[PDB]
Every structure is written in C-alpha cells, then in structure tokens.
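# Structural description and commentary
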Amino acid sequence: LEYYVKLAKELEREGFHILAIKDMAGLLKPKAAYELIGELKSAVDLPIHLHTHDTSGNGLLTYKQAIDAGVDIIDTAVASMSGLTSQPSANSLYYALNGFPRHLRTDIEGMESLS
Amino acid sequence: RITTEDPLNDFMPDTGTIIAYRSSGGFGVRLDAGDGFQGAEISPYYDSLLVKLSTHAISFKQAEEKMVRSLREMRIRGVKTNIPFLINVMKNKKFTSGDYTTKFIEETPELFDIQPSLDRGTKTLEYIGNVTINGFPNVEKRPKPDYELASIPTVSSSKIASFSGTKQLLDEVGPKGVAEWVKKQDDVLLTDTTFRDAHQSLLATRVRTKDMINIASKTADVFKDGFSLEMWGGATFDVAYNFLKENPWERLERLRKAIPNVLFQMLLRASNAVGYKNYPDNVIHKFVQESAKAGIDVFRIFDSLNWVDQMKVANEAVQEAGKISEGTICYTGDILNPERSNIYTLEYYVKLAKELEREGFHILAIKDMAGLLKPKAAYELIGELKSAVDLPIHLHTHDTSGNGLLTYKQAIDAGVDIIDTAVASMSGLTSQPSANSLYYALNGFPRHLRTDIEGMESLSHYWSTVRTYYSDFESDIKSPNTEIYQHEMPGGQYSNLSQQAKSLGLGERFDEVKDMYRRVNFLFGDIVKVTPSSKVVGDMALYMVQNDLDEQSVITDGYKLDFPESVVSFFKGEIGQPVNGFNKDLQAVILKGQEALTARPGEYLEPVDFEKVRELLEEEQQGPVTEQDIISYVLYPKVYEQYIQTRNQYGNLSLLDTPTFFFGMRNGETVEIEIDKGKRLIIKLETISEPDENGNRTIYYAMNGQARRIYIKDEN
Amino acid sequence: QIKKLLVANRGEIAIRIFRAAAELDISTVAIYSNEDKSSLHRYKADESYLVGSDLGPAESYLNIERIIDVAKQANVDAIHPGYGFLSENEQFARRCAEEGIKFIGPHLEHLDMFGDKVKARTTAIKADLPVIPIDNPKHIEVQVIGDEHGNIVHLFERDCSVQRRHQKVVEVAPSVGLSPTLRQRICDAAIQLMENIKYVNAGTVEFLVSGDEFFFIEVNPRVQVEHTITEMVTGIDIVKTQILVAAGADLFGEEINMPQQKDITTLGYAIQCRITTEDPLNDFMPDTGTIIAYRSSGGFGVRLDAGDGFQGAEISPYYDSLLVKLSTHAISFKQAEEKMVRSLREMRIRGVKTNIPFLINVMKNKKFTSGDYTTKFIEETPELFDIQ
Ligand SMILES: CC(C)(COP(=O)(O)OP(=O)(O)OC[C@H]1O[C@@H](n2cnc3c(N)ncnc32)[C@H](O)[C@@H]1OP(=O)(O)O)[C@@H](O)C(=O)NCCC(=O)NCCS
Ligand SMILES: O=CCCCC[C@@H]1SC[C@@H]2NC(=O)N[C@@H]21
Ligand SMILES: [Mn+2]
Ligand SMILES: [Mn+2]
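Everything in this summary refers to the structure shown in the same document. (Residues numbered from 1 in each chain as written, not as in the entry; some residues may be left out. Chains lettered and ligands numbered in written order. Part of a larger assembly, values for the part shown. Heavy atoms only, no water.)

### Comments concerning the coordination of the manganese ion (ligand 4)
Residue and element names in this part refer to chain B. Surrounding the manganese ion (ligand 4) are the protein donor atoms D197 (OD), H396 (NE2) and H398 (NE2), at 2.4 to 2.5 Å. One chain supplies every donor to the manganese ion (ligand 4), and in sequence these donors are spaced D-x198-H-x1-H. Remark: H398 occurs in the loop between β15 (393-396) and α17 (404-413) and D197 occurs in helix α8 (residues 194-202); sequence separation between them is 201 residues. You can call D197 buried: its relative accessible area is 4%. (Donors = N, O, S within 2.8 Å, 3.2 Å for Na, K, Ca; no water. Helix = DSSP H or I, 4+ residues; strand = E, 2+ residues; numbered from the N terminus. Buried < 20%, exposed > 50% of the residue type's maximum accessible area, 1.4 Å probe, protein only.)

Here it is, written out as structure tokens:
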C-alpha cells in the first residue's frame, strides 16, 4: 500500500490530471480495493479511475468496494460483452448498487438495449 | 449334448447364426465338435446339437464338478442353448445320488428354474453400434470428439473411512443437534450444488452418474468440512430414468458409499416431492422414507407458491425419518423497492419464517430461484431473520444477474449460516455463485469460507473437461441478464420461452412476450414464480400475446377463448392456493363452470394400494421388485416401464463412459467399458458395412481379442 | 479356507489353474499387461486387473510389490505363481505371506534350498542321492506332492529325453523301455530326498539315467508345463491338489482322496507336445504376427490346454512362444502315438510359422516309438528336419 501511495503522489507531481489503476490481471480483491482506493483519496488530490478484469468473478464485488471508498470513475462493459477476461458488467453493477449510498450514473434500459 | 433346444419353450430347437463360440479344455475334459463354431448358421432341418462335452474322473462327484465347471466355462452366443438345463441337472441332489430314474426330469421341477445370464458383452455392443449408426437423441450425427483426457484425481477410500464430518455428526446428535452445531460456527458453511442444481441449470440436468461417481473420492476430501452435498431432487429423478436410462436410486446408493462423511440433500417439492402430477399423502411418505433409508440426509422442502399448509406432509415424513427438514421461502419481489409490492414485504418473510419454525423445520432455507435477491436486500433480509427466528439460515440463489457473489458476501455480513455453491467451471450465470470466486472474495473480511480452494481448483479443472462431454446440452445464456428484475423469469424459463416463442412464430415479438410475462404475474395477483407455477405464467403470456389479448379483454373475451391447460389447472387450485387469492372474475372465465379445489389436492386423492403395485410389478417382471421400485412406478408410470425395457435391452447403461454413451464409436477406436470391478471389456470397432436388403448393417467389433458380429437396423 | 485365488501368471497356465479353482468354487483373479489386453486368460477369471500400465510386457508379471498391491486391493488370500515368472522367486513368496497371502508352493525354506546348484547338490548329498562327476543320458523326472503335514507321494516319472539343448520338446509318462526296478530306484530316491527336507506342495526331482546308474539334476519347487501327462496316467488333478494342499488339506483326507503309495499306479501312456511359433527351419526362432485361422483337434484321448493361440490377436515376442499344449491318452503306446500324429495334422494354424511339421516327424520316427531314445535324439536325427 505504501508503494502505491508513493507512486500516486509522484504521478500527481508529474502533473497528470487523473490517477488510474490498471488491474490487468484482476488481482485487486474486494477488501484490497477498499483499502487501496481509500488511502489514495486522502493521499492524493487526483480523481481516481479504476479498471479491472472479471477473471476471478469478483469484479463487481471489487467495484462496489472501490465505490465504498470514494473512487470517482470505473471502467465497464455492456452485459453481453462483459465478465471473465472482460470488464465487470455495467448492467449488473447498476442494480447491485441499489440500496447503497452511491448510485451508477447511467441509463439502465438503454444498456439492456445496447446489450 | 449341448444343443439349441430351448428349455424355456418345450425344447423348440432354436436356430440362427452363432456369434461367439468359446470352448472348455483341460484335464479330464473331451469335446466332439458337431455344428457349433465361430460363425455357424444353424439349420432347422438337422438334429440340432452343437457339441458333446463329456468329462471323466476317478470319482463320480469329481466328474460332475468338471462337468459343471465345463458347462459354465463353455460359451455360446447368438442362438439359444440347453446349457443352463444341463448345469441344473449336475447340481441336483437326485442326480448326484446316482439313484435317479427315467422319471427324474418329470419329477424334478427345480431343474426348470433358469435365470437369464444378462449377457453384458453382447448388450454393450448392441448398444454402442446402435448409437454409432442411428445416433443419440438431441445430439448431432457428427463423428466423435472429446480430446482432453483429463485424469481423475482420487483419494484412498481408507483415508475417507476416517474422515468425520456432518454425516457423522447427524448420527451422534440428530437433526436438532446438527442445527445447533451450525449455529455455533463462525465461518460460512457451504452446500455444493455441483451434482444436482449446477448442471440442472447449465446442462439440461444431463449429467450422468459415471462422471459424478468418477470424482466421488475427490469430492469427499474436498468438501470434508462442507455442510451438505446437493445431489438429488429437482429434475434428476425423472431425467435419469428417462433421458439417461439410469436408476437414480443407484446414483444415490453409489455416491453414498463413496462419500460416507458428508450430509446429502435434495430439493423436495411440497406437493409432489419429485413427481409430475398430484399424489395422495402416502406416496409422499413412502418416497421420503426410502430417500432417507438410502442416503439422503437433508430435505429442502419448498412449495411452488409458499403455501405452508402444503408442506406439512413432507415435514411429518422427514421428521419421522429422523432426518433434517428444511423449510424454504421462495423469494420474489424486491424488499428494497416499496413500490414493487405491499404483500411480498420484509414483514411477509419474517412472519413466514416465524411460522415455519413453529412447524418445526430444523433449518430455514431461502430459495431465490430467479436471482432477485439483490445484495442490499439480502443484507437486510437475512439480518432481519436471524433475530426474528432461531433456525440456522440457509441461503440459495442463481448468479443469473451477475450479482450472486455480491448477494452472498452481503448475506455473510448479515450473519448467514449456509450458502449454496458450485465449482468454478460449473457455476455463474443461471448456476449458483462460484465457490472458488467466493473463497478469495472474502479475503480480509471477518468471516471466511470453511472449505479447501486447492482441492476445489482441482474439481473445477475436472468438471471443465467433463463439461465438454455435454456440449450439445449447453444452454443459450452466454451472459448475465438484469431484465430478470422486471419480468422475473426463473433461471431457465426465459430460455424455453424464447425457443417456444420462436416456435409459435413470435421470434421477433419476444419483447412483448416478456412484457406480457410481467403483466400476467399481476393479472394473477402477483404470484411466486417457481416451477410448475412459472410455466403457468409462461403459458398465459405466450397465449395472450398469440391471441392479441389485453389486460381487460382476457375477461371480456374469455367465454370463447379456452385457455391453456396449465392456466386452467392453476385456477382449479391444482397447484395450491396463491398468497393473495384468485380474482373471482378471472377464475370464473377460465374455469367455465369447472369445480375449483378448496384444500390442497392431497386430501382429494385416495391413498395408493402399494401391495397392488407389488402384485402388478412382480407379475410384469420375473420376480424381483423392491420398495424403491414401487414408489418409482407410482411417481412416473410411463417412464419407469420404459426404463425397465431398456434395462432389459442394454443392461446397466450408466456404467458406460459419457462420450461413448452419446456417440458410440469411430472406426478403429478402442474403448474400455467397465461392467463391474474386475470386468472391463476392451472393444475395438474395426469396420461397419453398407446396409443390406433389409437396412441391416453389420458391425465387426473385436472384444477382448475375440471378433464379434452385430446386426443393427438402420432407421435412416 | 481359501476365498479368492489370484494367478500371478498368464496364458495356458492361468487358464489351467482358473479351471481348477472354479471346480473348488473359488473366486478368481487374473493379471495382465497392455499386450495381454487381448489375451484369453483375462476373462477366464471372475476379476482381472491391469498390473500398472507404466510397466512394459516383461515386469508386468515380475514386479513383486505392484502385483501384491493388486492382490491386496482384490482381497486375495492365496496366490498361484504357476511357472516361469515369479514361481521360483523366494522373495516374492516371502513378501507374499507378510501381507496375509498364502503362497501356493513349497515353504520359503525350500525355494532358497533348491535355487542355486551348489545348495541343490548340498541337500541332495545329505539325502543319499547320487551326483555327477557324459553322453547318451536319459532325462527322467519324478513328480511328487506333499501336504503341510509331512505326507508325500510320487506320481511317477516323466521322460523328457526329447530336448534340443534347453526346451523340453516332447514328454512321456510313464517311461517306455525302463524296467520297473531300474526305475523304482529313481522314484524311491526322488521321494528319499523329499522325505528328508519335509517337502510341501508339488515339485519335481530331475534325473539323468545311464543303464542302471543315475544322477540328481535339480528340483523344480513348483508345477511343470509337462504335468499334463502325469495327471492323465494317474487320474489325479495336480493343480487342484496344489490349491487344496495350500489350504491345508490332508492328502489321504476326504478332499483329495489320495491313494497311499502302493494304490497309486499308471494306466496307459500319455504324451504331450507344445505347439509353438518356433520355426523348425530357422534355428527355432519364434514367429510374431497375427493369427488368421485357428482350428483344433478333439475326440478320444485328446486333451487341450489352450493358451495364446486362437483366431485373433497377434503373438508378442515378449513372452514364451507357447500357443497350445496338446496331449493324448490310451492303454497301448502305439495308440497314443497315432493319436498325436493325427491330432497334429488336424491342428491348423495359419498366419505364423509353427513347430508342427517338425513335431509330426518326431512321432512318425520309430526310434522314438522304441522307447530307447535319448537326450541326443534330435542331435543324432537329421531326417527329423524335413522340407515338407
Ligand atoms: C458371470 C459369468 C460367469 C457368466 O455371466 P453371463 O451373464 O453369461 O456373462 P456376463 O454378462 O456376466 O459377462 C459379460 C461378458 O463379460 C466378459 N467377462 C467375463 N469376465 C471377464 C473378466 N474377468 N474380464 C473381462 N471380461 C470378462 C465375457 O466376455 C462376457 O461375455 P461373453 O459370454 O459373450 O464372452 C461371466 O461374467 C464370465 O464369463 N465370468 C468368467 C468366466 C467363468 O466364470 N467361467 C466359468 C468357470 S471358468
Ligand atoms: O436413436 C435411438 C437409438 C437408441 C439409443 C437409445 C438411448 S438410451 C438413452 C437415451 N434415451 C432414450 O430413450 N434413447 C437414448
Ligand atoms: Mn485491460
Ligand atoms: Mn436452484
């Protein structure tokens, strides 16, 4: 967690507008996504943008946690084009957040239709 | 004199082409070879007599011993033989005595008691050849693939006999005491649904016993600390007898011995257990009794409509059996959305739970059959129930939405006791959430999964290679579908509906079919939608879109319409009484005068005379017939009779490996079919001939170094 | 007591024993390698199992511990070794008993005794038997059996004097041209060396005889290929007796109704010939290849012990050439001879070379009919090899 902080401050210093997390293998587990993103927010002033692959199947579980920690943007895919080695399914994430403090800014039905 | 005269037909000298012919040699034996050999054609115009086999020895009894042995050793397939009759004479007390007369045969009835040597060699060939040329049903007449021969990690059975988990627990402290043990556990105990619900969702329930039992050793060690295995109930009973032509009771029994450490569990439908129509109470009693007598430990008892009065019979049966009774509450609606329903409320479920506890269920189960239990609703729901009731809570769901994991995680936060899962390669989508996924998903969280990932990974790998054998039964659904939150079709249903929609010429209008699905629900007063009640709502939408019918013109136009049987049946109360009631207008128009049932259909039916079924099945067969045979014909009359004819035709098919079962063989392939531990038939299909004057094709096999000859009628 | 008998062998002898166990009503187990996947002996038993696949043709019947594994997984209480694989292996027999399994054979102290020639000669000297210092000798051997209670009986001599170097080509019992006394000395000595060392189960004492003098050769602490003959001229089941003697049954008891020594005779004469893929034109090197047509004899006085010879699967080079073990019986010797010859012509194997044409010309040759034949019979007979 200390490496990621140091790295973020440095990229912030380098003058990037947005800090991104590339999880190209989908290793960022649920709790890891709450703790990592949670720190990064207080450590840096950059909006955090998180991107994973649903290879473990816990991609959605990961996004909810990231959202619980104040992440600003995620990377998603349309349902019929999601999961496994792709992004976590937006279509699911939309209903997954139902009942929680943060909602997904997007168009439900259009996304069923896109799918 | 070994002859073709039939001892079971007043010695009518049988005739035809001798397929196998194998001899006896050895000390004291002699053979004068007549007309029997390799491939002889036996004429009806000759003194039918294949060989004379005679024995010598210093002493009479020793002569008989050599003759008996020589008789059993002698092998003649294709035509009939008097061999069984000769064996019986050698046995007989009056023959050995030496003091027999010419009266002997006519004075000695026990001689004519023969028993058919079920010929497992010929029958394996006669089956394999038939699928090879005329193919399996619901497959493709392609060649034969399956090219990853994944080995089967197994575990010494002695090691197993020393595991000690729930099956052991249930013997020490009973149901109540097992349920008290569940309560103590911090970890989340899991139920694996691989053997039952997983493939019932993904592979049209098609998974055979041979695959499951090939991996029984590994499963016992992998789920050593599991709560239960779900490996029966649902569609399995029917489908095994029918599509698979294997006895479910066998799969039960066999899996039983391989896994003597873990609780076994089925899905038992309140109304009819596992059957297809309605049945008198004592068929429910019988069935449960047998199930628990033969291995099943837990009975998840659900009603298609959450109608409590309908699950008391199953309850009393399970309770008698000394086994574990699990009261189920099918979830629909959405307790998060208060505009969704003011019946299927948080209070609805609390009271219902509280009620079932009063009926004395050991475990409260939740069966979200359509995967509608959104994560937050599952936190609030489960949370609510733990402090409302004392039963341990068993949650089950379908990853149909892609949120199955999330739901489970939340459920665990809320203190849940048991979850249903399936190995990674047999999960997700319409299946349950993946155990593998869940295990790491909870890393760095308060409660963990009591299981073994490394053993689980192996399973996932296996089942992945096994899934390949079932490629033809791979269901449509390739990705999660969140529309289930509007229309609410359980797992499958939105598949069959679409195949049906396209079948009734409504392929492009399926969006309206969907729409009418949600509508019919509310038209029927918003009903719980599991089977068989989801087909009801299925059929109406399908029928209402077909006949261009409205919400209001279903009443208006009713008296001319004549609705789908399934619908009319529902309104007779043949599936129980829905939580809200029947709309008096809508019932009248559909029934058109017909008598609607007041109470559950069970107390409308007369009890079955089991000894009359015994009477009938004893006569119909040669004379076996068990208690499991009886409830089995009662439950499925047609399907059971059809199984027996197949068991008569091809022997015990379940013994075949899956790929050979669906495909037969290719030219020049060698397969090994294990017919019994010790007896493996090494078969090679050398060639197959073009059909003859009859459409009969000739298959030249080699079996255990001997060539064989089979005639297969080509359907075309 | 014996419940499940496993045969640590293959081909003819597995079948021979299986037949003898199924007479006693004993469940049977066979074992095999990938090359016997097609063998006859496999399905002659109730069960049969591939002894580990990672094992080639050879050790798949030599592999001591892995064979015992099978034995153990099958709940086998007794094993019959037969011959020519683990039969004379005393480490097998030892490890065997340590795992609860009755080795159907002599006690472990006999196998060790009769292995090496220097021990073989040592125990023979103590007996009173004569031993070698040498042309024209006769290869006579005596069959004995003895239960686990002392009791031994000889089932008389077998004349094997028809042999090229190794290979006991053609075998006769009883001997012809051997005066009952001359030959009493041989059988008596046979039993005298066996009585000394308290022999158990069935074995053979081998001898060379010169007119009147004779010398001990070796002891075969097991059954013999040529046992067939002695069985027929005495009516005694040798392989049956084997199993039963191991289960601990007394000879003169009700389960093997053994006549005492004087009551045991030989009626008639028997002769056996092994039919092998040996090319009698090419220094007796066996053919391999596939069998395309197999057809056999029968009738009065013919006895067949099937092996690896039948209408189908090819013969491997890895095991002993032996196909069929053919034997004949009658009072007069001339009747037995005529039955072998005729039998042999009627014998028909196409697809691979056989020793039959040769095997015919041994029977026809009247210097074999005389009885005064010798170990150098094939040595001294050229017309024995015939083009035909
Ligand atoms: C039980 C048995 C004795 C007769 O029963 P059956 O119903 O007539 O034949 P089964 O269906 O039981 O056996 C099916 C096939 O198993 C095969 N088989 C039997 N034992 C086998 C073994 N150990 N390994 C492999 N295959 C075997 C046989 O080929 C038989 O078919 P076949 O009669 O056309 O040759 C039979 O299984 C058998 O052949 N057993 C071994 C031989 C035997 O017992 N001989 C008598 C004394 S030697
Ligand atoms: O086309 C049919 C040829 C015979 C194959 C029979 C198999 S048995 C299992 C499955 N169930 C059936 O009713 N038939 C197939
Ligand atoms: Mn990427
Ligand atoms: Mn389910």
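### Some thoughts on the interface of chain C and chain B
Quoted interface sizes are often the accessible area lost when the parts come together. Chain C puts 36 residues into the contact, and the matching count from chain B is 26 residues. Taken over both partners, the interface formed by chain C and chain B buries close to 2,300 Å², and the fraction arising from carbon and sulfur atoms is 46%. Taken as a group, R19(C), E23(C) and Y43(C) account for 25% of the area that chain C buries against chain B, more than any other trio of residues on that side. On the surface where chain C and chain B come into contact, there are five salt bridges. Across the pair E73(B) and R19(C) runs a salt bridge whose closest N-O atoms are separated by 2.9 Å. Our enumeration of links across chain C and chain B arrives at 15 residue pairs in polar contact. Where the side of chain C that touches chain B is concerned, the elements lending two or more residues are α1 (11-24), β3 (47-50), α7 (227-234) and β13 (302-305) of chain C. No other element matches the five residues that α1(C) contributes to the side of chain C that touches chain B. (Contact = heavy atoms within 4.5 Å. Buried area = accessible area lost by both parts, 1.4 Å probe. Salt bridge = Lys/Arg side-chain N within 4 Å of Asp/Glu carboxyl O. Polar contact = N/O pair within 3.5 Å; in protein donor to acceptor, adjacent residues only side chain to side chain.)

### Concerning the site of ligand 1
The environment of ligand 1 is made up of 23 residues, and the closest members are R22(B), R75(B), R77(B), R120(B) and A45(C). Within the side chain of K679(B), an N or O atom sits 3.4 Å from an oxygen atom of ligand 1. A45(C) is positioned with one of its backbone polar atoms (N or O) 2.8 Å from a nitrogen atom of ligand 1. Secondary-structure elements contributing two or more residues to the shell around ligand 1 are α1 (60-73), α5 (120-134) and β18 (679-688) of chain B. Among the elements that take part in the shell around ligand 1, β18(B) stands out by supplying three residues, more than any other. Broken down by class, the residue content of the shell around ligand 1 amounts to five nonpolar, five polar and 13 charged. (Near = heavy atom within 4 Å. Nonpolar A, V, L, I, M, F, W, Y, C, P; charged D, E, K, R; others polar.)

### A short note on the pattern of salt bridges
Under the criterion given, the structure shown has 77 salt bridges over all chains. Of the charged contacts, one joins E246(B) and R208(B) as a salt bridge, the two residues approaching to 3.8 Å between their closest N and O atoms. Taken together, the residues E246(B) in the loop between α11 (236-242) and α12 (248-258) and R208(B) in the loop between α8 and α9 (209-214) connect sequence positions 38 residues apart. Between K72(C) and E99(C) there is a salt bridge; the shortest N-O distance is 2.6 Å. Within this pair, whereas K72(C) is found in helix α2 (residues 64-73), its partner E99(C) is found in the loop between α3 (90-98) and β5 (102-103), the two being separated by 27 residues in sequence. Here the salt bridges share partners, and the residues they tie into one network are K66(B), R69(B), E73(B), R16(C), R19(C), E23(C), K44(C), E231(C), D237(C), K240(C), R303(C) and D305(C).

### Here's the deal with unusual backbone geometry
Put simply, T531(B) and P532(B) share a cis peptide bond, and its omega is -5 degrees. A cis geometry characterises the amide bond from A173(C) onward to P174(C), with omega recorded as -5 degrees. Examined against the element boundaries, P174(C) turns out to sit in the loop between β8 (170-173) and α6 (180-196). Positive phi is not limited to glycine here, since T205(B) has a value of about 60 degrees. Relative to the elements of secondary structure, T205(B) occurs in the loop between α8 and α9. By relative accessible area, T205(B) is classed as buried at 6%. In this structure, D562(B) is a non-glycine residue whose phi angle is positive, near 60 degrees.

### Points about the pairing of strand β6 (residues 138-146) of chain C
Residue and element names in this part refer to chain C. Counting buried residues in β6 gives nine out of nine residues, a clear majority hidden from the surface. The sheet contact formed by β6 and strand β9 (residues 201-210) spans nine bridges and is antiparallel. Within β9, the position partnered with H139 by the bridge is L208. The pairing of β6 with strand β7 (residues 152-162) spans six bridges and is antiparallel. Residue pairing in the sheet places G146 in a bridge with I152 of β7. A loop of five residues connects β6 with β7, the two strands running antiparallel in sequence, and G150 in this loop sits at a positive phi of about 105 degrees. (Pairing = 2+ DSSP bridges.)

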